[PDB]
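Note: ideal-geometry Cβ built from the backbone for every residue, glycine included; neighbour counts use all protein chains shown. A short reminder: the numbers here are calculations on the coordinates, not readings from a lab.
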Amino acid sequence: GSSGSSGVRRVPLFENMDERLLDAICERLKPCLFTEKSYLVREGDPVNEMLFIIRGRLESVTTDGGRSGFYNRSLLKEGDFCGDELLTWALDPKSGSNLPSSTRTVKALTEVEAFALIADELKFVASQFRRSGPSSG
């Protein structure tokens, strides 16, 4: 592609995370791209890997709940992350009830450009670091 400036500019997700944890997680980033009819996250289904939107577009759709009609369609802005729950999942070792779940169902309508992130590698680097303490602050 190009490889220049990485997203996660001012993302809250990586608030507690440390640089070392970033690079590590970054080093995990694998070369992959999403095409038409490409499902990133699925509501109700487990999450194997997370996708960090670097630069592209996507469509958010829901099934459960809703209002006026059916399936509330929507769009995500730039830097929008899906299955973010995974991030926490890894950050949460206590949570050992199978892979996490997505918040909504997103798809790829146009050529998207982002990387992939496996929970395993995540949790690994997550636990390895393990930086929380007796809730200080």
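Select from segment 23-56 the residues that are of a type in the set (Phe, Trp, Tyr) and either closer than 14 Å to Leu86 by Cβ or touching a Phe, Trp or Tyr at 6+ places or on another chain (Cβ under 7 Å) (or both) and list them in ascending order.
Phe52
Going by what's in this entry, would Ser101 be described as in contact with a strand residue (DSSP E or B) (Cβ under 9 Å, 6 or more places away or on another chain) and within 22 Å of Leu29 (Cα to Cα)?
Yes, satisfied.
Can you confirm whether segment 7-15 contains a residue that is crowded, with 18+ Cβ neighbours inside 10 Å and under 14 Å from the mean Cα position of the chain (by Cα)?
No, the conditions are met nowhere in segment 7-15.
Quick check on segment 125-137. Is at least one of its residues outside any strand (DSSP E or B) and buried (at least 18 other Cβ atoms within 10 Å of the Cβ)?
Scanning segment 125-137 turns up at least one residue that is outside any strand (DSSP E or B) and buried (at least 18 other Cβ atoms within 10 Å of the Cβ).
Within segment 36-54, which residues are in a loop (DSSP other than H, G, I, E, B), touching a residue at least 60 places away in the same chain (Cβ under 8 Å), closer than 16 Å to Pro100 by Cα and charged (D, E, K, R)?
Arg42, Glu43
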